[PDB]
Number of protein chains: 2
Amino acid sequence: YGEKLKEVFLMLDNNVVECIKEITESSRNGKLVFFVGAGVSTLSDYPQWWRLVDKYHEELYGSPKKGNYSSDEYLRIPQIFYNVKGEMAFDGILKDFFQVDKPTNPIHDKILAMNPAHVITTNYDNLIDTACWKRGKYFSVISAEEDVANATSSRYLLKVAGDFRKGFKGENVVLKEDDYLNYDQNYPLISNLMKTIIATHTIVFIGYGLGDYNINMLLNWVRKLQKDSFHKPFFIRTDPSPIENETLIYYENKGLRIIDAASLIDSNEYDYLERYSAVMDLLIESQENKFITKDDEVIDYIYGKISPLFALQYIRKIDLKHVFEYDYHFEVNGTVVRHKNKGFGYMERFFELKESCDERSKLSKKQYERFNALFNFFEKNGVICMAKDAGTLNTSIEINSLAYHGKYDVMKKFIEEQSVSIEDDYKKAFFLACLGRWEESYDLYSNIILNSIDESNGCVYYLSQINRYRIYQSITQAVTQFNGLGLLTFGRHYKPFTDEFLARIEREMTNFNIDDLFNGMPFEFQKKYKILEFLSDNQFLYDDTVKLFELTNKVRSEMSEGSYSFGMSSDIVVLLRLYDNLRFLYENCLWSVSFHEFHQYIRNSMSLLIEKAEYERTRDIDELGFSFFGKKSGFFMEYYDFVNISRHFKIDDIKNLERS
Amino acid sequence: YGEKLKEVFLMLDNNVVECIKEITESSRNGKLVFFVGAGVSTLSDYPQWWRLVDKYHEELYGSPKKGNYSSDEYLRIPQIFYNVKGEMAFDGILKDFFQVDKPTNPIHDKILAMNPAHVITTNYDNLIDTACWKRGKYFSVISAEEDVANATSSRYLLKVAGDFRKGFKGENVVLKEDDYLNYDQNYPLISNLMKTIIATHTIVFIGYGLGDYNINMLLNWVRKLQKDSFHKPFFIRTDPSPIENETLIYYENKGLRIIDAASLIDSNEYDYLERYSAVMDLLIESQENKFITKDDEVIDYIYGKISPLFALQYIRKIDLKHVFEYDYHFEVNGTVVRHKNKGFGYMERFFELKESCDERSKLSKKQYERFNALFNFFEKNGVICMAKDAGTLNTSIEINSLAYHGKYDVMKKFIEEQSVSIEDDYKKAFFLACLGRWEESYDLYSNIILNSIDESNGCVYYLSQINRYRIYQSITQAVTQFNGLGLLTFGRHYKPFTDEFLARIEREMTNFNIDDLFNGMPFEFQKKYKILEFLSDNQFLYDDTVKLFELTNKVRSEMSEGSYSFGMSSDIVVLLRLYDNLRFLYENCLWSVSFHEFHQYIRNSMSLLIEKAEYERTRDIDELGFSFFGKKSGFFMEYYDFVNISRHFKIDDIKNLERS
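Criteria and thresholds
Residues numbered from 1 in each chain as written, not as in the entry; some residues may be left out. Chains lettered and ligands numbered in written order. Part of a larger assembly, values for the part shown. Heavy atoms only, no water. Helix = DSSP H or I, 4+ residues; strand = E, 2+ residues; numbered from the N terminus. Rg over C-alpha atoms; globule rule 2.2 N^0.38 Å. Buried < 20%, exposed > 50% of the residue type's maximum accessible area, 1.4 Å probe, protein only. Contact = heavy atoms within 4.5 Å. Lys, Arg positive; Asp, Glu negative; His and termini not counted. Charge placed at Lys NZ, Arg CZ, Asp CG, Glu CD. Patch = residues over 30% accessible without salt bridge, like charges linked within 9 Å, V, L, I, M, F, W, Y side chains within 5 Å. Areas by Shrake-Rupley, 256 points an atom, 1.4 Å probe, with all protein chains shown as cover. Salt bridge = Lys/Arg side-chain N within 4 Å of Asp/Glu carboxyl O. Buried area = accessible area lost by both parts, 1.4 Å probe. Polar contact = N/O pair within 3.5 Å; in protein donor to acceptor, adjacent residues only side chain to side chain. Least-squares fit on C-alpha atoms. Core = buried A, V, L, I, M, F, W, Y, C linked by side-chain atoms within 4.5 Å. Axes fitted to C-alpha atoms, helices over the stretch in contact; angles between N-to-C directions. Parallel < 35°, antiparallel > 145°, perpendicular 65-115°, else oblique. Left-handed = near helix turned anticlockwise from the far one by under 90°. Nonpolar A, V, L, I, M, F, W, Y, C, P; charged D, E, K, R; others polar. Pairing = 2+ DSSP bridges. Disulfide = S-S within 2.5 Å. Expected span 1.5 Å × (residues − 1).

cryo-EM is the method the PDB entry states for this structure, with the resolution given as 4.53 Å.

Peer 1: So what about the overall build of chain A? Which residues, and what values?
Peer 2: Each helix and strand in chain A was counted, giving 34 helices and nine strands. On C-alpha atoms alone, chain A measures out to a radius of gyration of 33 Å, which is more than a quarter above the 26 Å that the 2.2 N^0.38 rule sets for 660 residues. Principal-axis analysis of the C-alpha atoms places the extent of chain A at approximately 105 × 65 × 55 Å. With 660 residues in all, chain A has 45% of them scored as buried. When contacts within chain A are restricted to residue pairs at least 6 apart in sequence, those whose partners lie at least 24 apart make up 67%. Taken together, the 80 basic and 99 acidic charged side chains of chain A have centroids lying 2 Å from each other.

Peer 1: Quick rundown of a nonpolar patch on the surface? Include the residues and the values.
Peer 2: Residue and element names in this part refer to chain A. Judged by side-chain polarity, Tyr564, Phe566, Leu624, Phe628 and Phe629 come together as a nonpolar surface patch covering roughly 610 Å² of accessible area. Structurally, the position occupied by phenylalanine 628 is in helix α32 (residues 624-628). Exposure remark for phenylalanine 628: the relative accessible area of 55% places this residue in the exposed category.

Peer 1: Can you tell me about the interface of chain B and chain A, naming the residues and giving the values?
Peer 2: Taken together, the contacts link 56 residues of chain B with 52 residues of chain A. Buried area between chain B and chain A, summed over both chains or domains, comes out near 5,300 Å², and the portion from carbon and sulfur atoms is 53%. Counting across the interface, chain B meets chain A through two salt bridges. The interface formed by chain B and chain A includes 16 residue pairs in polar contact. Of all the secondary-structure elements, those providing two or more residues to the side of chain B that touches chain A are α8 (127-135), α10 (188-199), α22 (459-485), α23 (500-511), α26 (545-561), α28 (596-618) and α31 (651-659) of chain B. Broken down by element, the residue count for the side of chain B that touches chain A peaks at eight residues, all from α26 of chain B.

Peer 1: Pulling in residues and values, what's your account of a negative patch on the surface?
Peer 2: Where like charges cluster on the molecular surface, the negative patch consists of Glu352, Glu355, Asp358, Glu359 and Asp389 of chain A. Relative to the elements of secondary structure, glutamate 359 of chain A occurs in the loop between α18 (346-355) and α19 (366-381).

Peer 1: Outline the relation of the copies chain B and chain A, listing residues and values.
Peer 2: Superposition of chain B onto chain A requires a rotation of 178° combined with a translation of 0.8 Å along the rotation axis, giving an RMSD of 2.9 Å. Within this description, the copies of the chain are treated as partners about a two-fold rotation axis. In terms of C-alpha distance to the rotation axis, chain B has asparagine 192 of chain B as its closest residue, with the C-alpha 3.3 Å off the axis. Looking at chain B, 71% of its interface residues are interface residues in chain A too, so the copies touch through the same face.

Peer 1: I'd love a proper account of unusual backbone geometry, names of residues and values included.
Peer 2: Residues and elements named next belong to chain A. Even without a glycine there, the phi angle at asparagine 115 is positive, about 30°. Note on placement: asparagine 115 falls in the loop between α7 (106-113) and β2 (118-121). With a phi angle near 55°, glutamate 325 is a residue other than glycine that sits in the positive phi range.

Peer 1: Account for the nonpolar core, naming residues and giving values.
Peer 2: Among the nonpolar cores identified, the biggest contains 88 residues, and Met347, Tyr462, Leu532, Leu535 and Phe598 of chain B are the most heavily contacted of them. For this core, the leading source of residues is α22 of chain B, giving nine residues. Beyond its immediate chain neighbours, meaning those up to four positions away, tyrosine 462 of chain B contacts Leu517, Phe518, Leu532, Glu533, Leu535 and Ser536 of chain B. Counting residues in each nonpolar core, the second largest holds 83 residues, with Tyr301, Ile315, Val323 and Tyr586 of chain A among its members.

Peer 1: Before we move on, could you go through the packing of helix α22 (residues 422-434) of chain A against helix α23 (residues 438-451) of chain A and cite the residues and values that matter?
Peer 2: Residue and element names in this part refer to chain A. Where α22 contacts α23, the axes come no closer than 9 Å and their chain directions differ by 160°. When the axis of α22 is compared with that of α23, the two are roughly antiparallel. Relative to α23, α22 is oriented so that their crossing is left-handed. In this structure, α22 contributes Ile422, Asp425, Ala429, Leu432 and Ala433 to the contact, and α23 contributes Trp438, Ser441, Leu444, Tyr445 and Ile448. Each residue belonging to the contact of α22 with α23 can be placed in one class, and the counts come to eight nonpolar, one polar and one charged.

Peer 1: Lay out the pattern of salt bridges in plain terms, naming residues and giving numbers.
Peer 2: Residues and elements named next belong to chain A. The full count for this structure, using the stated rule, is 47 salt bridges over all chains. Notably, a salt bridge pairs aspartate 54 with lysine 55, separated by 3.7 Å at the nearest N-O pair. With its nearest N and O atoms 3.4 Å apart, the salt bridge here joins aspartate 295 to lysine 362. Remark: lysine 362 occurs in the loop between α18 and α19 and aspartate 295 occurs in helix α16 (residues 295-306); sequence separation between them is 67 residues. In this structure, a network of salt bridges that share partners links the residues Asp72, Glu73 and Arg76.

Peer 1: Tell me what's going on with the sheet that holds strand β9 (residues 335-338) of chain B, and back it up with residues and numbers.
Peer 2: Residues and elements named next belong to chain B. The three strands are arranged β8-β9-β10 in an open sheet whose pairing can be described as mixed. Lying at the two open borders of the sheet, with one neighbouring strand each, are β8 (328-330) and β10 (385-386). Judged from the three bridges that link them, β8 and β9 form a sheet pairing that is antiparallel. Bridge pairing links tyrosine 328 to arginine 338 in β9. The strands that helix α16 (residues 346-355) touches are β8, β9 and β10; relative to β8, the one it contacts most, it runs at about 50°.

Peer 1: Could you give an account of the state of the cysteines, naming the residues involved and the relevant values?
Peer 2: All names here are of chain A. As enumerated under the stated definition, the model contains zero disulfides over all chains in all. Take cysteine 357: it sits in no disulfide, and the sulfur closest to it among the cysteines is that of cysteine 385, at 18 Å. On the accessibility criterion, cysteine 357 (67% relative accessible area) is exposed. The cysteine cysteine 434 is free of any disulfide, with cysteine 589 supplying the nearest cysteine sulfur at 11 Å.

Peer 1: Report on helix α31 (residues 596-610) of chain A, specifying residues and quantitative values.
Peer 2: Between its terminal C-alpha atoms α31 of chain A stretches 21 Å, which fits the 21 Å expected from 15 residues at 1.5 Å a residue. Of all 15 residues in α31 of chain A, 11 are buried; the element is thus mostly enclosed. Taken residue by residue, α31 of chain A has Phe598, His599, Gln600, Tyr601, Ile602, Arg603, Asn604, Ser605, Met606, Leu608 and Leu609 of chain A as its buried positions. Contacts from the buried residues of α31 of chain A go to α28 (545-548), α30 (570-587), α33 (639-647) and α34 (651-659) of chain A together with α26 of chain B.

Peer 1: Account for the environment of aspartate 184 of chain A, with residues named and values stated.
Peer 2: Residues and elements named next belong to chain A. Summarising the element assignment, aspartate 184 is placed in helix α11 (residues 183-186). Judged by relative accessible area, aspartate 184 falls into the exposed class, the value being 60%. For the pair formed by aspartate 184 and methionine 521, sequence separation is 337 residues and the distance between their alpha carbons is 37 Å.

Peer 1: With reference to specific residues and values, describe helix α4 (residues 49-59) of chain B.
Peer 2: Regarding α4 of chain B, the residues found buried are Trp49, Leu52, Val53, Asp54, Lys55, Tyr56 and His57 of chain B. Contacts from the buried residues of α4 of chain B go to α5 (73-85) and α6 (87-96) of chain B.

Peer 1: Can you explain the pairing of strand β1 (residues 32-36) of chain B? Please cite residues and give values.
Peer 2: Residues and elements named next belong to chain B. In terms of burial, β1 is a largely internal element, five of the five residues being buried. Burial along β1 is two-sided: the face carrying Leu32, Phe34 and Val36 and the face carrying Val33 and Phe35 are both buried. Relative to strand β2 (residues 118-121), β1 runs parallel, the two sharing four bridges. Counted as the bridge partner of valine 33 is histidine 118 from β2.

Peer 1: Pulling in residues and values, what's your account of the environment of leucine 353 of chain A?
Peer 2: All names here are of chain A. Secondary-structure assignment places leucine 353 in helix α18. Measuring from C-alpha to C-alpha, the distance between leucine 353 and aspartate 454 comes to 39 Å, with 101 residues separating the pair along the chain. Residue contacts for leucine 353: discarding those within four places in its chain leaves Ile299, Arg360 and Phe371.

Peer 1: Any chance you could break down the side chain of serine 27 of chain B for me, citing the residues and the numbers?
Peer 2: Residues and elements named next belong to chain B. Within the secondary structure layout, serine 27 lies in helix α2 (residues 14-28). What makes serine 27 buried here is its relative accessible area of 17%. In terms of polar contacts, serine 27 uses its side chain to reach the backbone carbonyl oxygen of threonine 24, at 2.4 Å. The contacts of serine 27, once residues within four sequence positions are left out, are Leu32 and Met114.

Below is the structure:
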C-alpha cells in the first residue's frame, strides 16, 4: 500500500508538490494548525443535522415535504419549532437525539499525529476531545466565555459552535440563525481568538464543503479587508466530482489553496474513508523519510540540517544524535548505526557518496562545493565510515586550543592586537579569562552583546550570554570567599576589585533567571541550534557519571569475575567520552571548565578508570588472555591525560591515587 | 530606604496591598503586560506634542495663539496644515524636530526589570527599543501591517501607533485626525492583536493621563462589549494632585482599578521622577517575605506551598529543598538550616508554634485542623527541629511497602480483590508488575490511563505514563534476550508472550517520547508538582551518588590515615540517604526499582557500610577513642539491610566481601 503511495507521489502535478513541501516545513517548526469539522464526524457515524431537521419536521408536521425541502427552509424550521413549541421540547429532542457513545476513526489519530499546535473546530461532538485524551497530549478546552480568560496551557482547543459539556441545553451551542446573527453580540472574545490564531499561523482546513456556511464568513473577512501581507490558508477537497480548473482560479483569487482529491486516487463515489485516508496519507508518510528518491535530495536535506552548526568549532559526537532527531546512533569510535530511520537511507547513502569516485559526477554544479564542505565538516569532526565496513579505527585526539596547552606567552601578544571581527573578540574574552583578568573581560562581553545583536544568527550572542552568567557566578563566589577569609587568605587584606565593579554588576544583574534564555531566542534559533541547549541548565555533565557506574561493579566486580569484553570495552569508551568532553568544552571556549563541578567529574572519571591496572596484580596466571592480548599493551601515561590530571586533581587526591 | 517602604506599607490601605499581591503573583507566572506611554518619554525630555502643535500653528498665520488654544484645534490644526500647504512640508518639519538622540532614564529600566512578558506602547519613538537592546531582552518589533504573521519570536513589542523604523515619513505613524477616523480600516490585524493581548493576560498602565483618547476608547470597548469574564486592568495615576474620591468609584464601576500616587508620597509638583520612582519601587521589592507578619499567614503561605503534595505518601527530604526555592537546607536527620531566607522566618516560627501549646490558641478556627494536617505531614516525613534546638535524634525506618517486605502470599490475595478506587488500581498495578504478569499489569495500566483523565490533580496520570514507558522498556529487553538465547534458556522454545499485545505497544510508544512529558503538563501542575520531574529523566538516581564518590575517597583516606570521625559521620549519612531513596521509591509505586542502576547503587553503598564496619571491628582505640566511643559497637546488620543485600546481590558480589 505504501508502494501505491510512491506511485501517486511520482504522479502528482507540479502544483501539488509546492503545497506538500510548504505543509511539511510548516509542521517542522511546530507551526501548523488544523481546522476540523463535520467532514470527519461523518465517518464516525455521528448523527447528521439534516436528520435532526427531519425529526423537527415530523414533530411539527405529519409527513416530509414532497421532495427536497428548499435552498431556503433548512434554517427556519428549527426556529419555528422553538418559537411555538418552546424551549423544553427543544432540550428534550436534543437530549434524545444526541446522547450516544461512539468510538474514534483513524483519521483523527492521523490528524493528531502531525503534532498540531492549536485546534479550532465546529464539531458539536466530544469525539476530537477524546482523540486528544487517548494520545497522551493534554489540551485546554475553551468552550464558553468564562474559559477564555482562564487559560491552562500554550495549546488551545477552540470549540467555535459550543459543546454539550456543561449540559444538554441550547444556550451553550449554536443552532438557530438568531444565534448566527447575534453571534458578534454574544461571543466577541472567541471571535477575536479565532481571528488572531488564523492571522498568526498557518491554518489547514479539512472535512469541509466548499460552500457550507463558515467558509463564507472566514473568506469574507480575511480576503477583502486586509492588505497583501497574509499567509494563504489551505483547503482539502474530497468531493466525488473533480474540481474544474476555473473553480481553482476563482478560489485562488479569493485566497485559498485547494488540494483536490480527485486527481490523487481513483475509486467509487461512496468511499469517503479511502479519500480522506489518501489525502491525509500524502501528508503523513512524508514527514521527511520516504519521498526522498533522487540523490540530490539527500545532499540538500543533509546540508539543510548541518549547515547552521558550521559556526561552532566542533560538535560533541555523542550529542550528534539530537542533530538528526533520533534517527541514527553515532558511536564514539566513528561508525554509524540505523536505529529509527524508516525511510530511504540518507545517512547510509552519504558514505557511498564519500567513498565514490565517478558516480559523484551524476550531480549538479552547485552541489559539488556543498559535498566538499560536508566532507571537511565530517573529516574534522571525526566521522569515518559505516559499521559493516569499519575495520582498523585507531584514533588520535587533537585539542587545538592554545589555552589548554597553557602556553601563556602567546596569549598576551594575542590580546595586544587589533581586532578584526566579533568572533575574534569572543576568543579574546576567553583568553583574558584564562589570564584571570575578569573585570575588563566583563566589560568586553557587555560590549559584544551590545554590538552583536544587529548581526546574523546570534550563536555568538547566546554563547556570550551564557559565559557572562558564568563569570558572574565566579566573581560572586570569589568575592564571597575573599571577603569572608580576609587577611588570613594570603597574609594580606587584599581587596581584589573596587566597589564600583561590585555595585555595577549588582544593579545590572538582579534579574535574568537564566532558566528561560533558550526559550527567549527566536524560533529558527531553537530549531537550528537546539543542539547547544544542554549548556543552559546547571545540570549538563550529570548524564555521564551515570556511565561511571558501569565500571564500579560491571567492570570491577566483573573484573573479579575475570570475563573478557569483546570489541568495545567500557574503560576505553569512558576514556574516549573524556577526550570528547574536554575537546568540546575547550575548543568552544566555554568557561564552565573552570568550575568545581567539572573538576569533580574529571576527578571521578580519571580515578575510576585508572582503577583498572590493579585488577588483581599478581593474579592466577590465566591462559585465555595470552591468545588475544599478548605482549601487554601498557596503559601509556600520554601527555593529554597527564595534563588532565595536573589541571584537575587536588594534592590529597594524589595521595589517595598513590596509596590505593 | 527599606524601613521607609515598610512604614509606608503599614500605612497602605488593604486595597493597595491586595493590588500589590495580585500584581506580584501575575508577574511570577509571566502573565503580566505593561502599557508605557508618552509621559514616560516626557521624563527623558522627549519632545511633547504641544511644541509640535504650536510650531504647526505658527507656520501658518503670524503669531502663536494667545491663551489656551481650543478644545478642538489641538486636533484640528495639523490636518489644516497637511491638507492645505502640502504633504512635503509635513515630512520636512517632522525630520526637523524628531531626530534628537536622548539617553534612557531609570523608569524604563525598572519597567523592564519585572519581566514584562509583553510590551504594548503608544510611544512613537525608538527609545524603549534601545533600552531592550541594553537589557538584551530580544523582542519582536511590529510597526506596520507587513509583519503580523512574520513574528520571529514568541514575545511581542507592539507599537500601536507605529514607529519611524521604515523612515521619517507621514503614513508610518498615526498623528492626524484623518488617520484617527479611518483607524479600523488600515490596521485590522494590529487592532485584533491588541485586543487579544488585552484579553488573556493582566495589564498595568503607566504614562497615561485620565482621559486621553486611546484609554477612553479601550475602556469603552471593554466595558460595553465584554460580559463578566475579563480581568480588570490596573492603573497608576501620575498627576501632581490628589484625585477626588467619587472619581475612584466612577472609574471602578466602569471596570478599572486606580492605585494613587498622591495617597502614596508627598513631593513637590515638579518631581515627576520621584513620583514614578516611588510608585515603581513599591513594586521592585519583589522578595515578598515581609508580606504580612501576622501569624496565620505563615501557615497560609506554608500551606499554599506544600499542600498539593497530599497525594504522595512520602517525599524525599533531599528533594524537599527544591520545594522552598533554595531558602533552607533540609538535612537527612531532620534538622533545618536557614540558607537563603532574607526576611521573616516562617519556617523558624513553624517549629516554634508547634512547641508552644498555649500560643496555639492565638489562631482562628480554620487554621487549626489545617495546622493539625501540617502536624501529621512533617511527622510522617520526620523533620524534627531546628539545628539550634537539636537534641538526641534517632531514625526508625518504616518502609511499609508490602512488596518491599516480599510477602507475596498476601499480595496475590490482594490482587484478586474487588477494586474500590483508581489509587487501589495503581497499587494493584505495582504489585502485579512485581508479581510477574507484565501483560496483566499493562492491561490494567491501559484501563487506568483512560479512566484517570476524568478527575483533577492528575499526578497518577504522570505516574501511570512513566511506569508504562518503563515497562515497555522492560518488555523490549525481555523479548530481546529471551529469544536471543532461545531453547537453552529454559529447555524449551517456550514463548510466554505473543504478537497481539505487540501491536498496541509498538504503535503507542513508537509514536511517544518521554523527553517532553512534563513540558506538556498544564502549568498549574508544574507549579504545584515540580518535585516529580527528575523521575522523567535518569538524574534523580545520581545527583546523590556524587556524594557517594565524594565520601568513598574520604573514607578510604581516613582508612589508612587512622583519623577519627565524630558527629554525623559519612557512614550514617549515606545509610540514611539509602533508606530515604528506597522508601520514596517503594511508597510511590514506580517500577524504576527494577533496573540495574538502582541495584548497583545499593551494592556500592552497603558495601562501603560493611567495609567501614569491618574496620571499626578492629580499630585501635586511643585515649580519646576510649573516652568517646568505648565498648565497641560494630555496625549491626539488621533486617532492612539484610533484605537489601539478599534481594539484588550476585554470588561474585557477595563473594568478594569474604575475601575483603
